[PDB]
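Everything on this sheet refers to the single structure shown next.
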Amino acid sequence: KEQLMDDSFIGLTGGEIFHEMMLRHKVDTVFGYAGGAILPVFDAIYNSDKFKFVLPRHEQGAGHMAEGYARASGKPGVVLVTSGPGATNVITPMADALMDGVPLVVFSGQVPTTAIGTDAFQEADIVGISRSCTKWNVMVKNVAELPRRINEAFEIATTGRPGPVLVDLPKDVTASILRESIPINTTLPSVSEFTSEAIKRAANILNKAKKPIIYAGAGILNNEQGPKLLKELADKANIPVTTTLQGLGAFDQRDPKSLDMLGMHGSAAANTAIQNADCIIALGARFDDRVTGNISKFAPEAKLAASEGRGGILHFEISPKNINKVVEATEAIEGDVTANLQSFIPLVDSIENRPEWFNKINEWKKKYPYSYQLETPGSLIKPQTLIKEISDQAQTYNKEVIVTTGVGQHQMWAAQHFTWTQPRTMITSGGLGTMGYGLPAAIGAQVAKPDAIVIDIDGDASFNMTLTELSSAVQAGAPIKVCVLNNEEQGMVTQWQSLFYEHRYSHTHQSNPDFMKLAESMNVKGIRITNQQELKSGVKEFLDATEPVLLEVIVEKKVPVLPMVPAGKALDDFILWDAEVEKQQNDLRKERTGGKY
Amino acid sequence: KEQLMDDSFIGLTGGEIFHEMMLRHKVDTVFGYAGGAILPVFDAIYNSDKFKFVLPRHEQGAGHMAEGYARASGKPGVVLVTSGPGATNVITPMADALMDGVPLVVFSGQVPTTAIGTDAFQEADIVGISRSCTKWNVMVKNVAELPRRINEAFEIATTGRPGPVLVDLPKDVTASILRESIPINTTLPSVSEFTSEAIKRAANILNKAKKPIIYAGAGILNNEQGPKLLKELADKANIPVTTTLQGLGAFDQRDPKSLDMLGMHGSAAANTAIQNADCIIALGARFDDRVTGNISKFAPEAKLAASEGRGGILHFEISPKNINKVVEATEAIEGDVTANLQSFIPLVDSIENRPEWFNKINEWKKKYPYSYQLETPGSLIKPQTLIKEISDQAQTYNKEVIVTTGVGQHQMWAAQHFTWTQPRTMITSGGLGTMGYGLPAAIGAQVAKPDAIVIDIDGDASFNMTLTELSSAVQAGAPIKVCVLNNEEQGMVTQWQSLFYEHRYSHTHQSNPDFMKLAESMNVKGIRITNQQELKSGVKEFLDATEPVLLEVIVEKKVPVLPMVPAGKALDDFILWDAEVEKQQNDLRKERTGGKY
Amino acid sequence: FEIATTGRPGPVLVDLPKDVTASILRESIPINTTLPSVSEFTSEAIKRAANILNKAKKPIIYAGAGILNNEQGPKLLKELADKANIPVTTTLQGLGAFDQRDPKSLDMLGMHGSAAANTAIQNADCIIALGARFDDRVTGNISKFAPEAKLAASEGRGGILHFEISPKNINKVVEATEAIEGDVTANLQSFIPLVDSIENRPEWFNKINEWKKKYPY
Ligand SMILES: Cc1cc2nc3c(=O)[nH]c(=O)nc-3n(C[C@H](O)[C@H](O)[C@H](O)COP(=O)(O)OP(=O)(O)OC[C@H]3O[C@@H](n4cnc5c(N)ncnc54)[C@H](O)[C@@H]3O)c2cc1C
Ligand SMILES: Cc1cc2nc3c(=O)[nH]c(=O)nc-3n(C[C@H](O)[C@H](O)[C@H](O)COP(=O)(O)OP(=O)(O)OC[C@H]3O[C@@H](n4cnc5c(N)ncnc54)[C@H](O)[C@@H]3O)c2cc1C
Ligand SMILES: Cc1cc2nc3c(=O)[nH]c(=O)nc-3n(C[C@H](O)[C@H](O)[C@H](O)COP(=O)(O)OP(=O)(O)OC[C@H]3O[C@@H](n4cnc5c(N)ncnc54)[C@H](O)[C@@H]3O)c2cc1C
Ligand SMILES: COC(=O)c1ccccc1CS(=O)(=O)NC(=O)Nc1nc(OC)cc(OC)n1
Ligand SMILES: COC(=O)c1ccccc1CS(=O)(=O)NC(=O)Nc1nc(OC)cc(OC)n1
Ligand SMILES: C/C(NCc1cnc(C)nc1N)=C(/S)CCOP(=O)([O-])OP(=O)([O-])O
Ligand SMILES: C/C(NCc1cnc(C)nc1N)=C(/S)CCOP(=O)([O-])OP(=O)([O-])O
Ligand SMILES: [K+]
Ligand SMILES: [K+]
Ligand SMILES: [Mg+2]
Ligand SMILES: [Mg+2]
């Protein structure tokens with residue numbers, strides 16, 4: 001009994017217990033912001049040398065920083081904020097983390113238990129508000145249960161599909177002192193025959209396939225061996241590989257078997273290949289509606305193969321909720337994709353050549369490059385060209401390169417035109433798609449990986465959302481590299497307004513600050529590229545900098561991201577770039593807007 | 001039947017119907033930000049000349065702007081945002097509006113009804129998330145019900161205790177076209193014997209009182225005749241008047257009967273008077289826990305009088321939920337306080353003099369001024385002095401003057417040291433207490449009242465939260481006046497850390513940008529006051545400006561807001577300013593921090 | 001089981017999916033999960049409560065279901081009533097907590113309670129609420145409830161002493177002059193020794209006995 005109970009926390013405040021549990025969970029970084037209700041915890045962590053504390057300018061900043069940290073490091077991102085508005089300000093980052101499967105542990109101060117439900121000063125019902133944007137949450141009601149709840153939070157955040165959790169900390173609980181012993185288990189952190197048979201059946205199906213394709217996503221990144229086993233499978237059975245936006249970097253795009261990204265703005269070669277494949281191996285991807293195109297018209301050849309007993313969809317998925325949610329799996333392989341790949345690959349036959357399939361694959365790649373209208377004499381820099389320049393120069397350094405983005409056209413062009421080669425190097429808001437993510441995510445990733453080059457490829461409207469966090473990067477010592485693609489428009493929305501609303505640009509042009517004076521005011525280096533002849537040397541200065549730096553690039557306006565699978569269309573029913581079409585579109589836009597755009 | 005149905009909307013899209021209903025509800029301003037799911041509504045309002053559209057840099061900005069607009073104008077603040085993160089970004093302003101009783105009508109785009117519940121692109125469960133921070137919300141499910149739901153929203157937002165509502169607008173609903181007639185009532189906007197007897201009993205109680213006091217709050221501001229009837233009552237029955245933070249401006253503070261603000265940081269004269277009053281007339285105030293002090297020790301003399309049948313608490317309250325919630329009312333007068341005052345006052349006896357009560361009142365006012373340590377040769381400007389300077393110079397213009405604030409010490413000093421004389425001139429986050437409120441609220445108030453001087457008295461940490469909205473003020477043509485009290489600290493938190501945590505300043509010093517370069521980058525005039533000899537002329541330049549302007553003032557650091565009723569103490573158990581005590585505290589802080597603070 | 005039986009006891013539900021109850025445990029589990037299981041603040045409140053009762057000239061015990069939740073509850077209730085010479089009324093749910101045959105029994109109070117019990121609580125200067133929640137079948141019109149105890153509280157010579165285990169039910173309906181948080185039986189063990197022994201209350205019990213005589217059922 002004495003062996004099962006622990007007295008070592010007796011005499012500590014809840015805040016002190018919190019501090020000790022952070023250490024036991026190997027937390028090396030906390031992102032947060034103080035306030036009245038969370039003071040007992042801030043007093044306990046005062047001058048701690050046990051972890052780095054990162055102070056944002058806004059709690060949304062703390063949230064997205066913790067996300068960037070978690071995606072760069074594979075560890076949970078820990079957030080510590082006060083009650084009321086400190087807590088409600090973390091709602092967008094929590095919903096973001098939930099949609100993108102990001103392990104976030106949010107600790108929010110709360111008014112004393114005696115004031116809850118009285119419309120108290122700085123009281124929000126954050127447990128109610130965050131229910132739908134967390135995997136789980138709880139309000140701690142006494143200090144004796146605080147260690148158990150902290151263990152529970154970290155365990156839930158990091159198991160199954162990773163995601164956000166919230167633990168609410170009333171001020172009287174964190175100020176109270178533990179007076180009683182607690183179970184010692186609470187003071188420390190931590191293949192079915194059914195699945196084994198599904199794996200065997202899956203292998204037998206793949207061994208019949210004549211047109212296989214791997215559709216790989218974020219889940220493969222959640223194990224360090226993931227990308228290795230993906231390559232091992234693709235190499236053994238000779239299978240072309242496409243990834244989602246969130247799977248970018250899971251497979252070496254330089255490899256001949258790389259089909260690049262699929263989906264709404266993915267390669268027409270990848271989209272064509274998945275529409276014609278007789279066997280689809282879905283590895284840690286959830287068939288999102290930006291990827292599938294028209295669901296009823298998705299993967300016709302794999303559905304036919306399944307019906308004829310010679311292919312189908314093999315779905316390696318850790319969360320049962322996402323199995324058979326969108327598309328019917330021919331075989332569902334439940335659990336960690338990397339673990340299940342270790343069992344799968346040895347049952348898979350080695351294949352030397354697939355001459356007709358790869359003849360088709362190579363023909364599609366050749367006819368469907370990411371084409372766009374190149375610069376002409378006197379024109380502005382094209383945003384596609386800028387991305388290529390950054391990608392080509394960044395790979396010259398002897399350092400890891402991590403990219404974060406905002407949301408919009410710049411995000412899609414970054415996805416398309418960067419060459420992705422390493423896991424956890426694309427850190428982008430995909431499911432919720434939060435403008436403003438890019439800068440704080442970069443700071444969080446830079447803190448996780450202090451020897452990495454971290455580049456925030458950002459849109460001007462996105463950057464405007466959270467640009468106050470530039471001060472935070474300086475104060476944290478995070479030498480991030482922000483590149484603002486300044487088209488002076490919410491380009492992704494003007495793209496839709498051009499295509500579907502006859503060039504009626506309804507409130508999609510926000511005015512920008514002077515980004516060079518802004519950088520100066522924030523004590524950040526500033527570079528501005530305004531013409532084609534400054535692109536190369538300006539990008540070099542940007543990447544050579546050893547301090548935080550903001551690069552502004554003036555780029556062409558009103559240019560669409562192509563290819564594009566419009567809403568309602570099948571994945572292989574895409575719009576492609578055409579020079580003459582673009583020219584006509586420009587003329588039509590000019591006429592319709594009286595020359596304003 | 002034809003007389004009761006209406007066909008006039010047949011053939012319009014949901015977006016077009018939205019637009020027409022804004023007009024029918026006399027909306028003259030919409031605050032919002034575009035995105036994919038709300039495009040059909042943005043297309044319908046394209047180039048509308050029916051209202052002004054205000055574009056922020058962040059949807060939180062739109063939310064707080066709409067709040068500032070509503071509090072300045074008495075009209076609901078209308079917000080229009082997209083799905084997913086556009087919607088979750090309005091959660092803090094909704095919780096803010098709920099706590100402070102602000103009529104907000106939030107319209108959020110949503111993914112098509114066919115995608116709801118599928119973890120769709122940019123899908124949040126905003127109806128679930130916002131349930132607890134709205135009076136009411138709804139998801140519109142077909143276009144035929146869109147006019148009814150819009151009417152419902154405006155009606156709920158503006159009746160009872162005003163507050164926020166949310167209406168969720170799926171993209172397929174707002175793109176769909178009305179094909180059927182709808183009830184014509186849905187296409188147009190819009191004293192019990194029990195209460196009458198309570199009013200009579202209330203008058204009889206007041207007519208017995210020998211030490212009455214009026215405790216007036218935000219509710220009195222919700223009717224244009226409110227302040228007039230408050231004055232009429234105070235004048236007739238010869239009653240001293242104290243207000244909450246949110247009631248500031250309900251009563252002319254220049255009047256001899258003014259006791260100023262009560263509460264945690266209110267006047268010790270007001271706090272003493274309410275602790276000794278035999279009759280408390282609570283007019284549109286909710287007995288918040290920043291006001292009452294220790295509840296069991298609150299208003300002892302009024303409780304005694306009630307028990308002896310010669311006084312008590314007379315609570316004029318519109319929301320039954322807030323009657324007898326905190327303190328027992330001797331008489332509850334349910335409904336609009338202004339309407340019920342019209343019945344009340346004629347039953348109230350006219351009183352010429354109250355010599356002993358006003359002898360006490362005048363003695364308390366004399367001994368309890370808002371004292372503080374004045375400037376000395378070479379010292380920094382004191383923040384209390386700055387506020388007095390602004391208040392004195394602002395009243396020289398022939399214009400209305402509206403003040404918004406951030407949250408913290410600067411907010412309390414603004415409340416204490418301004419002289420409040422007019423209704424709806426103090427626009428401040430009180431119940432939720434949201435840092436970052438000040439700048440966007442000012443923009444919203446300036447749009448509501450374009451001929452007013454609007455001054456955001458802001459803290460440096462608060463201002464950092466949302467400073468990107470400076471661009472928004474320029475783009476909106478709102479010549480707001482921002483005064484940043486730069487103490488380089490989260491002063492309200494360092495005040496608590498000094499007093500209760502032995503000068504352990506745990507993460508309460510955020511680094512600031514260069515505010516003058518920041519202003520320049522945002523195309524805003526900048527003024528910096530760094531010493532005592534620049535205060536007068538700098539404040540004059542600030543107020544004389546006819547364009548948006550940011551004033552930075554360097555002020556004394558580590559100075560507490562006094563008086564202060566510490567948590568747990570009775571309202572009349574306050575800390576007062578003492579020169580020697582302040583000196584000792586400075587010496588102790590210097591010793592404990594090794595001279596750092 | 002722990003939640004059901006601690007604090008204010010109440011119902012809990014555990015939902016058991018068929019595939020979980022048919023599945024077989026394949027992994028070890030923490031051994032703690034395979035086995036079942038006075039603050040200075042409250043101590044000071046108890047002392048203040050005793051000082052208030054020691055001033056009372058018209059005390060009454062209002063006892064409810066909470067006193068039944070400890071086997072020693074009724075014993076300590078009797079010990080208190082006997083020591084300080086206090087009449088006892090109970091709720092419907094407290095029936096049987098006190099021997100109704102005892103001369104100090106006022107019977108049940110409330111909507112259909114004895115008019116003697118109802119009269120006594122309306123005239124008492126000190127009300128000792130033991131494990132009872134001031135339900136709306138018991139209090140009658142809340143604003144008119146316990147006028148003499150409210151007056152005594154304001155004059156610093158009585159009031160309501162509420163022994164309650166669930167903070168949610170403290171100051172929910174009526175303001176407690178002293179709130180004594182936790183198990184009523186445990187807190188009575190501390191309380192009674194601080195309470196002065198009283199031999200007679202001639203005028204109060206003269207009123208009590210007159211009310212019982214004129215208000216039978
Ligand atoms: C403007 C914009 C345009 C976009 N267009 C595209 C586009 O064209 N193409 C595109 O791909 N995306 C696009 N997106 C992003 C898209 O919305 C989704 O975010 C993304 O496709 C999801 O990719 P994913 O399935 O790999 O990742 P996730 O959403 O994180 O899903 C991962 C899946 O793997 C599972 N999983 C997690 N861990 C494991 C494990 N250890 N083992 C097994 N399974 C696991 C998860 O439970 C989940 O089901 C766009 C986003 C924006 C903002
Ligand atoms: C750092 C900080 C310190 C603070 N310290 C203080 C302080 O010292 N003193 C202080 O006063 N505040 C202080 N506050 C603010 C405090 O938290 C509350 O916000 C404020 O006191 C509420 O004032 P109120 O009751 O008048 O307004 P509200 O909270 O809006 O309540 C108004 C009440 O009137 C009712 N009502 C509304 N309309 C009508 C109507 N037409 N007729 C009748 N009734 C109506 C409402 O239903 C409600 O019950 C502080 C805030 C901060 C951030
Ligand atoms: C037709 C009808 C008529 C009724 N009329 C009457 C009437 O006239 N008179 C009457 O009395 N009732 C009447 N009732 C019943 C009434 O509605 C309530 O059910 C009852 O009065 C509650 O009694 P109680 O407070 O003792 O019990 P409970 O409702 O169980 O409350 C017990 C309280 O003690 C607390 N408590 C529990 N355990 C402990 C502990 N260990 N230590 C300290 N505190 C503890 C609880 O948290 C709770 O606050 C009537 C019911 C019906 C159906
Ligand atoms: C955050 O509010 C609470 O924690 C709270 C709410 C309701 C009831 C009781 C409390 C605890 S408290 O009264 O002691 N206030 C407190 O802890 N912090 C506190 N901090 C300030 O700035 C740091 C300013 C301030 O009131 C202006 N209150
Ligand atoms: C906002 O998402 C939706 O409205 C949605 C979500 C799930 C299923 C269907 C829809 C409607 S949609 O597929 O037609 N997309 C849409 O309306 N807007 C849209 N806007 C973009 O930028 C303006 C970019 C973009 O995908 C990258 N989608
Ligand atoms: C308004 C909007 N989307 C809706 C929206 C609104 N609000 C938020 C917080 N997030 C999103 N995604 C976009 S993508 C425009 C982004 O503009 P940008 O940051 O300048 O990027 P770009 O011009 O490259 O498309
Ligand atoms: C951190 C904090 N309060 C907790 C907090 C945290 N986060 C938010 C969004 N709001 C609040 N109210 C305060 S009041 C400090 C404010 O500092 P300031 O804006 O520089 O003002 P001042 O120094 O005058 O007190
Ligand atoms: K690429
Ligand atoms: K004043
Ligand atoms: Mg842009
Ligand atoms: Mg400050």
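Ligands are numbered from 1 in the order shown, chains are lettered A, B, ... in the order of the structure tokens, and residues start at 1 in each chain.
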*List the neighbours of residue 165 (chain C) out to 9 Å using only C-alpha atoms; skip same-chain residues closer than 4 positions along the sequence, and give me the result as a count of residues only.*
11
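Any residue of chain B with an atom within 10 Å of chain C counts; using only C-alpha atoms, that gives residues 295, 296, 300, 301, 302, 303, 304, 305, 306, 307, 308, 324, 325, 326, 327, 328, 329, 330 and 331 of chain B.
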*Check: which chain B residues lie within 7 Å of chain A using only C-alpha atoms, as a ChimeraX atom specification*: /B:34-36,42-43,46,57-58,84-85,88-89,91-92,120-123,125,128-130,132,289-290,431-434,464-465,467-468,471,475,493,506-508,511-515,517-518,521-522
Output file for the residues above (N, CA and C atoms, as a CSV table (one decimal), in the first residue's frame):
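Writing the result to part-v6.csv gives the following:
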```
chain,number,residue,atom,x,y,z
B,34,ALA,N,-13.8,38.3,-46.3
B,34,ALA,CA,-14.4,37.3,-47.2
B,34,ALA,C,-13.7,35.9,-47.1
B,35,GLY,N,-14.2,34.9,-47.8
B,35,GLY,CA,-13.7,33.6,-47.8
B,35,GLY,C,-14.5,32.7,-48.7
B,36,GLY,N,-14.1,31.4,-49.0
B,36,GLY,CA,-14.8,30.6,-50.0
B,36,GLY,C,-16.3,30.4,-49.6
B,42,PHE,N,-21.0,37.7,-50.4
B,42,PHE,CA,-20.1,38.8,-50.8
B,42,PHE,C,-20.4,39.2,-52.3
B,43,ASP,N,-20.8,38.2,-53.1
B,43,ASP,CA,-21.2,38.6,-54.5
B,43,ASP,C,-22.4,39.4,-54.5
B,46,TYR,N,-21.7,43.0,-53.4
B,46,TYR,CA,-20.7,43.7,-54.2
B,46,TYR,C,-21.1,45.1,-54.7
B,57,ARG,N,-8.1,43.5,-40.6
B,57,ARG,CA,-7.0,42.7,-41.0
B,57,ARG,C,-7.2,41.3,-40.5
B,58,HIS,N,-8.1,41.1,-39.5
B,58,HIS,CA,-8.3,39.9,-38.8
B,58,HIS,C,-9.8,39.9,-38.3
B,84,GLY,N,-15.2,28.1,-40.9
B,84,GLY,CA,-13.9,27.6,-40.4
B,84,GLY,C,-13.2,28.7,-39.5
B,85,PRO,N,-12.0,29.0,-39.9
B,85,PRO,CA,-11.2,29.9,-39.1
B,85,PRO,C,-11.7,31.4,-39.1
B,88,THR,N,-14.2,30.9,-36.2
B,88,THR,CA,-13.6,30.7,-34.9
B,88,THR,C,-12.9,31.9,-34.4
B,89,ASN,N,-12.4,32.7,-35.4
B,89,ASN,CA,-11.7,34.0,-35.0
B,89,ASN,C,-12.7,35.0,-34.4
B,91,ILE,N,-14.8,34.2,-32.0
B,91,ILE,CA,-15.3,33.6,-30.7
B,91,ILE,C,-15.0,34.6,-29.5
B,92,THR,N,-13.8,35.2,-29.5
B,92,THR,CA,-13.4,36.1,-28.4
B,92,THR,C,-14.4,37.3,-28.4
B,120,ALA,N,-15.1,18.6,-43.2
B,120,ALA,CA,-14.9,19.2,-44.5
B,120,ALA,C,-13.9,20.3,-44.5
B,121,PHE,N,-13.4,20.6,-45.7
B,121,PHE,CA,-12.5,21.8,-45.8
B,121,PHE,C,-13.1,23.0,-45.1
B,122,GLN,N,-12.3,23.7,-44.2
B,122,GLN,CA,-12.8,24.9,-43.5
B,122,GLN,C,-14.1,24.7,-42.8
B,123,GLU,N,-14.4,23.5,-42.3
B,123,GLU,CA,-15.6,23.3,-41.5
B,123,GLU,C,-15.3,23.4,-40.0
B,125,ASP,N,-17.7,23.4,-36.3
B,125,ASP,CA,-19.0,23.4,-35.6
B,125,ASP,C,-19.2,24.7,-34.9
B,128,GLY,N,-22.0,24.8,-32.3
B,128,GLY,CA,-21.6,24.2,-31.0
B,128,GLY,C,-20.6,25.0,-30.2
B,129,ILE,N,-19.6,25.5,-30.9
B,129,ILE,CA,-18.5,26.2,-30.3
B,129,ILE,C,-19.1,27.5,-29.7
B,130,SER,N,-20.0,28.2,-30.4
B,130,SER,CA,-20.4,29.5,-29.9
B,130,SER,C,-21.7,29.4,-29.0
B,132,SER,N,-22.2,28.7,-25.9
B,132,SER,CA,-22.0,29.3,-24.7
B,132,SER,C,-21.6,30.7,-24.7
B,289,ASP,N,-18.5,40.7,-9.6
B,289,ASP,CA,-17.6,40.4,-8.5
B,289,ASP,C,-16.3,41.4,-8.5
B,290,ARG,N,-16.2,42.2,-9.5
B,290,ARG,CA,-15.2,43.3,-9.4
B,290,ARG,C,-15.8,44.5,-8.6
B,431,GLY,N,-16.4,42.8,-18.6
B,431,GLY,CA,-16.7,41.4,-18.0
B,431,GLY,C,-15.7,40.4,-18.4
B,432,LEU,N,-15.4,40.3,-19.7
B,432,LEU,CA,-14.4,39.3,-20.2
B,432,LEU,C,-13.0,40.0,-20.0
B,433,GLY,N,-12.9,41.3,-20.2
B,433,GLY,CA,-11.7,42.0,-20.1
B,433,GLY,C,-10.6,41.6,-21.1
B,434,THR,N,-10.9,41.9,-22.4
B,434,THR,CA,-10.1,41.4,-23.5
B,434,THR,C,-9.0,42.4,-23.9
B,464,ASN,N,-0.2,45.8,-28.5
B,464,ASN,CA,0.5,44.8,-29.3
B,464,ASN,C,-0.3,43.6,-29.8
B,465,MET,N,-1.4,43.3,-29.1
B,465,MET,CA,-2.3,42.2,-29.5
B,465,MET,C,-2.9,42.4,-30.8
B,467,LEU,N,-2.4,45.4,-33.1
B,467,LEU,CA,-1.9,46.6,-33.7
B,467,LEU,C,-1.9,46.6,-35.3
B,468,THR,N,-2.1,45.4,-35.8
B,468,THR,CA,-2.2,45.3,-37.3
B,468,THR,C,-3.5,46.1,-37.8
B,471,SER,N,-3.8,49.7,-40.1
B,471,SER,CA,-4.0,49.8,-41.5
B,471,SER,C,-5.5,49.9,-41.8
B,475,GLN,N,-7.7,52.6,-44.0
B,475,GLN,CA,-8.5,52.2,-45.1
B,475,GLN,C,-10.0,52.6,-44.9
B,493,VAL,N,-0.6,42.9,-14.3
B,493,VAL,CA,-0.1,41.6,-13.8
B,493,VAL,C,1.2,41.9,-12.9
B,506,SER,N,7.1,36.9,-13.4
B,506,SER,CA,7.1,35.8,-14.3
B,506,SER,C,6.5,36.0,-15.6
B,507,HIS,N,7.4,36.2,-16.6
B,507,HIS,CA,7.0,36.4,-18.0
B,507,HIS,C,6.0,37.6,-18.3
B,508,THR,N,6.2,38.7,-17.6
B,508,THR,CA,5.3,39.8,-17.8
B,508,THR,C,5.9,41.1,-18.4
B,511,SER,N,8.6,42.5,-25.2
B,511,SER,CA,9.4,43.5,-25.9
B,511,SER,C,8.4,44.3,-26.9
B,512,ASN,N,8.6,45.6,-27.0
B,512,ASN,CA,7.7,46.4,-27.9
B,512,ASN,C,8.4,46.8,-29.2
B,513,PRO,N,7.6,46.9,-30.2
B,513,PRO,CA,8.2,47.5,-31.4
B,513,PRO,C,8.5,49.0,-31.2
B,514,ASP,N,9.2,49.6,-32.1
B,514,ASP,CA,9.4,51.1,-32.2
B,514,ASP,C,8.1,51.6,-32.7
B,515,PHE,N,7.3,52.3,-31.8
B,515,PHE,CA,5.9,52.6,-32.1
B,515,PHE,C,5.9,53.8,-33.1
B,517,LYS,N,8.1,54.1,-35.7
B,517,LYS,CA,8.3,53.5,-37.0
B,517,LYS,C,7.1,52.7,-37.4
B,518,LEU,N,6.5,52.0,-36.5
B,518,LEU,CA,5.3,51.3,-36.7
B,518,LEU,C,4.2,52.2,-37.3
B,521,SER,N,4.9,53.0,-40.8
B,521,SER,CA,4.7,51.9,-41.7
B,521,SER,C,3.3,51.7,-42.0
B,522,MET,N,2.4,52.1,-41.1
B,522,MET,CA,0.9,51.9,-41.3
B,522,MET,C,0.3,53.2,-41.9
```
*If you count only C-alpha atoms and all ligand atoms, which residues end up within 6 Å of ligand 2, as a PyMOL selection string?*
(chain A and resi 121) or (chain B and resi 100-101+161+217-219+222+244-247+262-266+284-288+290-291+316-319+322+335-337+407-408+430-431+433)
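Contact shell of region 29-45 of chain C at 10 Å (only C-alpha atoms; same-chain neighbours under 4 positions omitted): residues 1, 4, 5, 179, 183, 184, 185, 186 and 190 of chain A; 1, 2, 25, 49, 50, 51, 161, 177, 178, 179, 180, 181, 182, 186, 187, 190 and 191 of chain C.
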*Pull the helix (DSSP H, G or I) assignments for region 43-112 of chain B out of DSSP run on the backbone, and list those residues as a ChimeraX atom specification.*
/B:43-44,59-73,85-88,91-100
*asked:* Just list as an NGL selection string whatever in region 103-155 of chain C DSSP marks as strand (DSSP E or B).
replied: :C and (105-108 or 126-130)
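Put simply, CA of residue 134 (chain C) is 13.2 Å away from CA of residue 118 (chain C).
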*State, in Å with one decimal place, the distance from CA of residue 574 (chain B) to atom 1 (C, counted along the ligand's line) of ligand 7.*
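A separation of 23.2 Å between them.
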*Can you list, as a ChimeraX atom specification, every protein, DNA or RNA residue that comes within 6 Å of residue 129 (chain C) when you count only C-alpha atoms, leaving out same-chain residues fewer than 4 positions away?*
/C:62-63,161-162
Near-ligand residues for ligand 8, threshold 9 Å, only C-alpha atoms and all ligand atoms, as a compact mmCIF listing (two decimals) with C-alpha atoms, in the first residue's frame:
```txt
# COMPACT_ATOMS: atom_id res chain seq x y z
CA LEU A 248 4.73 16.48 -48.76
CA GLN A 253 10.17 13.95 -55.18
CA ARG A 254 13.45 13.60 -57.09
CA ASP A 260 3.98 14.85 -56.86
CA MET A 261 0.86 16.20 -55.01
CA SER A 267 -0.47 17.64 -60.60
CA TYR A 370 3.22 22.68 -63.53
CA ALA A 414 4.82 26.66 -52.46
CA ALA A 415 3.37 23.15 -52.40
CA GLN A 416 3.70 22.76 -56.20
CA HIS A 417 7.03 24.40 -56.91
CA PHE A 418 9.22 23.49 -53.98
CA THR A 419 11.07 20.22 -54.35
CA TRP A 420 10.12 18.17 -51.25
```
*Name the residues, by chain letter and number, that sit within 7 Å of ligand 3 using only C-alpha atoms and all ligand atoms, and give them as a ChimeraX atom specification.*
/C:7-9,63-67,69-70,90-94,108-113,130-138,163-166,169,182-185
*May I ask which of the residues C:125, C:107, C:19, C:102 is the closest one to residue 146 (chain C), counting only C-alpha atoms?*
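Closest to residue 146 (chain C), using only C-alpha atoms: C:125.
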*asked:* Please compute the atom 16 (C, counted along the ligand's line) of ligand 6-CA of residue 551 (chain A) distance, one decimal, in Å.
replied: 17.8 Å
_Test item: residues at most 7 Å from region 344-348 of chain A, only C-alpha atoms, excluding those fewer than 5 positions along its chain, as a VMD selection string_ = chain A and resid 199 to 200 203 207 233
*Between B:421, B:405, B:134, B:585, single out the one closest to ligand 7, counting only C-alpha atoms and all ligand atoms.*
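Ranking B:421, B:405, B:134, B:585 by distance to ligand 7, first place goes to B:405.
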*asked:* Report as a list in words all protein, DNA and RNA residues lying within 9 Å of residue 22 (chain B), evaluated on only C-alpha atoms, omitting residues in the same chain fewer than 4 positions from it.
replied: residues 17, 18, 26, 27, 28, 50, 51 and 150 of chain B
*List all protein, DNA and RNA residues that have an atom no more than 7 Å from any atom of ligand 11, counting only C-alpha atoms and all ligand atoms, and report them as an MDAnalysis selection string.*
chainID B and resid 459:461 485:491
